[PDB]
Protein chains: 6
Amino acid sequence: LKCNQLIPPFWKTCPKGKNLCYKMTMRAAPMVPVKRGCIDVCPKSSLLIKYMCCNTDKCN
Amino acid sequence: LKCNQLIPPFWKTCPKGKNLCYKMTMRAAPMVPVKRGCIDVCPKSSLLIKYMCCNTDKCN
Amino acid sequence: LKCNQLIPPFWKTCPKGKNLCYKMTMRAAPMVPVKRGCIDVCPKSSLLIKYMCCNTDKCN
Amino acid sequence: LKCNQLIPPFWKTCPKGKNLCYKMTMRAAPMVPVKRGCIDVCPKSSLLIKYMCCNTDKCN
Amino acid sequence: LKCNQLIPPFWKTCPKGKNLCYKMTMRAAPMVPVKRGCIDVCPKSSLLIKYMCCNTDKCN
Amino acid sequence: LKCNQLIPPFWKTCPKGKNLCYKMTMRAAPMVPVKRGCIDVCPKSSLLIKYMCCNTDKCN
Ligand SMILES: [Cl-]
Ligand SMILES: [Cl-]
Ligand SMILES: [Cl-]
Ligand SMILES: [Cl-]
Ligand SMILES: [Cl-]
Ligand SMILES: [Cl-]
Ligand SMILES: [Cl-]
Ligand SMILES: [Cl-]
Ligand SMILES: [Cl-]
Ligand SMILES: [Cl-]
Ligand SMILES: [Cl-]
Ligand SMILES: [Cl-]
Ligand SMILES: [Cl-]
Ligand SMILES: [Cl-]
Ligand SMILES: [Cl-]
Ligand SMILES: [Cl-]
Ligand SMILES: [Cl-]
Ligand SMILES: [Cl-]
Ligand SMILES: [Cl-]
Ligand SMILES: [Cl-]
Ligand SMILES: [Cl-]
Ligand SMILES: [Cl-]
Ligand SMILES: [Cl-]
Ligand SMILES: [Cl-]
Ligand SMILES: [Cl-]
Ligand SMILES: [Cl-]
Ligand SMILES: [Cl-]
Ligand SMILES: [Cl-]
C-alpha cells in the first residue's frame, strides 16, 4: 500500500502493520489537510475534527 | 456499505438496493456539500451541479 | 452592517456599498443553502435558484 | 498594511477598514495554518481553535 | 501588555516590570512549547534550547 | 504495545523491536515533557535531560 503525505515527494510506502491511508481535517475547513499518511486503526472523529481512512493506493 | 451524511452522527448504514455513496456540490464551492448519503443510480452532472459516486465505506 | 456566512468565523462586516445580507438556495436541494453573505442588489429568483435578502445584522 | 495569505503570491494589501492580519490553526497542530489574511475584529478562540491577530506588515 | 500561556484561559496580563512576552522550545520540536508567558530579560539561546521574545499583545 | 504521544491522535502502536514506552523532560522546565513515544533501550539520564520508561499500554 502506497499513500499520500503532506510534504514533497507527496507519497510514500506504508510499513507492514500500517494498512490504512488517512487524512485529518477541521470539519468546517475540508480543503486544507492538517495530517496525511499511513496508520493501523482509524482514530475517532468528533464534531470539530474529522479523520478519513481508506485502503486503495493514494486514496487519501 | 456505510456512507457519510450531513446530520449527526455523520454516517449511516445503507438499506437494501442502494450500493453506492455520493456527494452533491455547486461548481466553484467544493467546501459546502448540499446533499450526502446512499444512492441507487449515480446522477448525471451539468455545468453548475457536480456529483461524485463511490463504492467503499465512507468514501464520500 | 454584519451578515452571517457559511465558512469560519461564520460572520462578516460588509464593505461600504453593500447594504443587504442574502441567502442562495438551489431548487434541487431545498434544505441546504449554498451561500450566505453581503450584496448591493437582490438578484431575481429563477427556475433553478432562489434568493432571499434582508437589511439588519445577522438576518440571513 | 500588508499581510500574508495561503496561496501564491503569499502576500496582499488589506482594504480600508480591515486593519489586522490573522492566522487560524488547530491548537494541537500549530505548524499548519488553515486560514490566513486581513480582518477588522479578531474572532474568539476556543479550546480546539486558535485565532492569532497582529498589526505590523507580514506578522501573520 | 497581554501574553499567551499554557494554562486556560491561555492568556494573562503581565505585572509591573515584565515588558516582554516569550516562548521556549527544544530544537527540532517547534510544535511543543515547554514555557510561555511574561518575562523581564530575554534569555540567551543554546544548541538545544531556543527562546524567542516580542513586545506586542499575544505575540508569543 | 501501545504508548501515549503528545501529537494527535495522542496514542501510537509501536513497531516490532520497540518494547518500552518513554517520557523525556528537560531539567530547565520540569513540569512539561518534550516527547512521549516508543523505544527499544531506555537512555541514561544526564545533567540536562531526565528519562522514564515503562512496559504496559499507555503507561508513559
Ligand atoms: Cl507487522
Ligand atoms: Cl469532508
Ligand atoms: Cl505516516
Ligand atoms: Cl509510516
Ligand atoms: Cl456495512
Ligand atoms: Cl438512504
Ligand atoms: Cl446524456
Ligand atoms: Cl466550467
Ligand atoms: Cl463557464
Ligand atoms: Cl457594522
Ligand atoms: Cl466585494
Ligand atoms: Cl444552514
Ligand atoms: Cl459576501
Ligand atoms: Cl462582500
Ligand atoms: Cl473604510
Ligand atoms: Cl500557537
Ligand atoms: Cl482576507
Ligand atoms: Cl481582504
Ligand atoms: Cl494590557
Ligand atoms: Cl508573570
Ligand atoms: Cl554570551
Ligand atoms: Cl543546529
Ligand atoms: Cl548539530
Ligand atoms: Cl498492541
Ligand atoms: Cl522506528
Ligand atoms: Cl503533559
Ligand atoms: Cl515514537
Ligand atoms: Cl516508534
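Answer yes if at least one residue in the range D:13-21 is under 10 Å from the mean Cα position of the chain (by Cα) and buried (at least 17 other Cβ atoms within 10 Å of the Cβ), and no otherwise. Yes.
Could you please let me know if F:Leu6 is under 26 Å from D:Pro30 (Cβ atoms), surrounded by 13 or more Cβ atoms within 10 Å (Cβ to Cβ) and either away from ligand 28 (no atom under 15 Å from the Cβ) or of a type outside the set (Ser, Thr, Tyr) (or both)?
Working: under 26 Å from D:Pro30 (Cβ atoms): yes; surrounded by 13 or more Cβ atoms within 10 Å (Cβ to Cβ): yes; either away from ligand 28 (no atom under 15 Å from the Cβ) or of a type outside the set (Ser, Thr, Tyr) (or both): yes.
It is true that F:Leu6 is under 26 Å from D:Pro30 (Cβ atoms), surrounded by 13 or more Cβ atoms within 10 Å (Cβ to Cβ) and either away from ligand 28 (no atom under 15 Å from the Cβ) or of a type outside the set (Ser, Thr, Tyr) (or both).
What are the residues in the range B:7-46 that are hydroxyl-bearing (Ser, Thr, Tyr) and farther than 20 Å from C:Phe10 by Cα, if any? Of everything in the range B:7-46, those that are hydroxyl-bearing (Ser, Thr, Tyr) and farther than 20 Å from C:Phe10 by Cα turn out to be B:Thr13, B:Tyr22, B:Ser45, B:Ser46.
One residue stands out in the range A:33-44 among those that are aliphatic (A, V, I, L, M) and surrounded by 15 or more Cβ atoms within 10 Å (Cβ to Cβ): the one that is nearest to the other protein chains (Cβ to nearest Cβ), namely A:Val34.
Are any residues in the range A:1-23 within 14 Å of chain F (Cβ to nearest Cβ) and away from ligand 25 (no atom under 16 Å from the Cβ), and if so, which ones? Lay out the reasoning, then the answer.
Going through the range A:1-23, the residues within 14 Å of chain F (Cβ to nearest Cβ) turn out to be A:6, A:14-20, A:22-23.
Residues satisfying the conditions are A:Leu6, A:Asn19, A:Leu20, A:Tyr22, A:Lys23.
Within the range A:22-33, identify whether any single residue is within 29 Å of B:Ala29 (Cβ to Cβ) and touching a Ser or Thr at 6+ places or on another chain (Cβ under 6 Å), and answer yes or no.
Residues of the range A:22-33 within 29 Å of B:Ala29 (Cβ to Cβ): A:22-33.
Of the ones still in play, those that are also touching a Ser or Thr at 6+ places or on another chain (Cβ under 6 Å) are A:33.
The answer is yes; a qualifying residue exists.
Yes or no: C:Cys59 within 11 Å of ligand 14 (Cβ to nearest atom) and not small (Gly, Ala, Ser)? First the steps, then the outcome.
Numbers: within 11 Å of ligand 14 (Cβ to nearest atom): no; not small (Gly, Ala, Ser): yes.
So C:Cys59 fails the test.
Within the range A:13-22, does at least one residue satisfy the condition of being more than 22 Å from F:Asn4 (Cα to Cα) and more than 16 Å from ligand 11 (Cβ to nearest atom)? Checked against the condition, which is being more than 22 Å from F:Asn4 (Cα to Cα) and more than 16 Å from ligand 11 (Cβ to nearest atom), the range A:13-22 yields at least one hit.
When D:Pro30 is tested against (1) within 12 Å of chain C (Cβ to nearest Cβ); (2) on the phi < 0 side of the Ramachandran plot; (3) surrounded by fewer than 18 Cβ atoms within 10 Å (Cβ to Cβ), only condition (1) is not met. Filtered by the rule that a residue be more than 15 Å from C:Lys18 (Cα to Cα) and exposed (fewer than 11 other Cβ atoms within 10 Å of the Cβ), the range C:49-60 gives no residues. Taken together, the residues in the range A:1-52 that are without any contact (Cβ under 8 Å) to a residue 40 or more places away in the chain, more than 16 Å from ligand 16 (Cβ to nearest atom) and outside any loop (DSSP other than H, G, I, E, B) amount to 18.
A short reminder: the numbers here are calculations on the coordinates, not readings from a lab. Heads up, the Cβs are rebuilt from the backbone with ideal geometry, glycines too, and the neighbour counts pull from every protein chain shown.
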